[PDB]
């Protein structure tokens, strides 16, 4: 079969919570965060992991759901991780950059990481995402372009500087399983060391360096797990 079964059945279920300010929390046993630097935004998070996002006049907006860790263990110490997701795009405007897929951070080193399978922008993110283009790699059965960057901005530690790691899928995917640890393995081969893990979540991010981006997106399936 070409696609995962959840691609045919995904539906929001469980209890939910709507958030409209910057907020980290849990719903059931699912970690969530809504964060934006600006704008009039929201997200709805469900206890089955699924979620939905709205953003208005935002410079950088992130909606994300999944795993929250305590920054004590590397990914290899934690175990092999995966994310199942389904994205349904809706209208947006003035989206200068966007990432959909898996996201998180490490500490020691401080890293913001992305596995990007789709985007809410009109075109995929380009070479501007980082100063170092490692090139094309077969990761998790598909072609990804791998980049690294050093960025200054808000972080889990406060305003500072951090590395960024990116895998950008060469052809968009709107439903499937991201083998997160397979990306981490590739990154380690390229000198992109993972520190102690802070989180691993399904993400929708949209922003504009000058604009405020506006729009909405739906994630009728989103599950991050330590397992096969």
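Residue numbers count along the first chain shown, from 1.
The stretch with the higher mean CA B factor, choosing between 75-83 and 89-97, is 89-97. For the two regions 119-127 and 105-113, the entry's Cα B-factors average higher over 119-127.
The residue among 7, 226, 222, 1 whose C-alpha atom has the highest B-factor in the PDB entry is 1. Looking at the C-alpha B-factors along this chain, the one for residue 175 belongs to the middle third. Split the chain's modelled residues into thirds by C-alpha temperature factor. Residue 36 is in the highest one. The PDB entry assigns residue 66 a C-alpha temperature factor belonging to the lowest third of its chain's modelled residues. When the modelled residues of the chain are ordered by their C-alpha B factor, residue 182 lands in the lowest third.
Placement of the Cα temperature factor of residue 199 within the chain: lowest third of the modelled residues, per the deposited record.
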